[PDB]
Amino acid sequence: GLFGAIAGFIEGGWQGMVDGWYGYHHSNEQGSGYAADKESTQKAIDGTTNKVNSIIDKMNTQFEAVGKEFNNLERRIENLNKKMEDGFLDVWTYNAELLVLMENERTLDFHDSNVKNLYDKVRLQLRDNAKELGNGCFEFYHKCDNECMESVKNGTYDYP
């Protein structure tokens, strides 16, 4: 995708993470599991919700056809009327379809970027304490447990 994460260096999605759009999957002595990251997910949710709302609101002044009639000796103005109403209908149809196509692309890249930025945030944390497998996972050198795992997600993780 533009940011290379989704369907990229992180090959597939997790059917097992139903808690949100982006998250983690740990693995240690105590066990394993998925845990959606509520911060980035909600941040994504607010962004998309505003986007949908903006699109709608921008499409509130579109043209509105009005019925009129013309007699047999008013064919030129009747055609002018017709071309004009169809004209605006085609313009607004174009605006709606194009806006949706363009924003859909941006929405997909937006999720891609959120994943990439979450990954990079973690990578920065696990400075030298973990090994980058290059598949979206980090393998710690010296074992790490549930409290330790929670530390990363806690964003609190730091030797300090």
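Residue indices: 1-based, along the sequence shown.
S.K.: 27-35 versus 48-56: which one carries the higher mean Cα B factor per the record?
M.R.: Higher of the two, by average CA B-factor, is 27-35.
S.K.: Comparing 102-110 with 122-130, where is the mean C-alpha B-factor higher?
M.R.: For C-alpha atoms only, the mean B-factor is higher in 122-130.
S.K.: With respect to the C-alpha temperature factors reported in the PDB entry, which of 14, 9, 141, 22 ranks highest?
M.R.: When the deposited C-alpha B-factors of 14, 9, 141, 22 are compared, 141 is largest.
S.K.: Taking the C-alpha B-factors as the PDB entry records them, is residue 61 in the lowest, middle or highest third of its chain?
M.R.: Answer is highest: the recorded C-alpha B-factor places it there.
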